[PDB]
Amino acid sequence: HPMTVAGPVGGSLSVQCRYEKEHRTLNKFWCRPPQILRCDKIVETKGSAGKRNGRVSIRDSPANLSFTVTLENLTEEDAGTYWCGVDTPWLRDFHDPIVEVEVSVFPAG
């Protein structure tokens, strides 16, 4: 459930979030944690946020039971805690992470 990833300012990083067979068909998303119950989705594979949102993109690989989030042109602001998550078809009032991801951005050494 926990995960940490790191990359340089100006660079790229990718996060691979593994899930279960029952999640194959579900909308997958990337977000900062909820302020209350639901998080504000940055990108999603099957939803309003879109598969690409500026520097952030998401791609589902149901055959490998994972999806990958890619963050491009990293800035120090991009550091922090994120959720990989899935939505149920009829949706819930809350979100859970399938993985909590801590992103670190270090100066381009």
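The numbering used is simple: start at 1 and walk along the sequence shown.
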query: Stretch with the greater mean C-alpha B-factor as recorded in the entry, comparing 26 to 34 against 71 to 79; finding: 71 to 79
query: Highest-ranked of 58, 42, 84, 63 once sorted by CA temperature factor in the record; finding: 63
query: Residue 91 CA temperature factor, ranked by third within the chain; finding: highest
query: CA B-factor placement of residue 9, once the chain's modelled residues are sorted into thirds; finding: highest
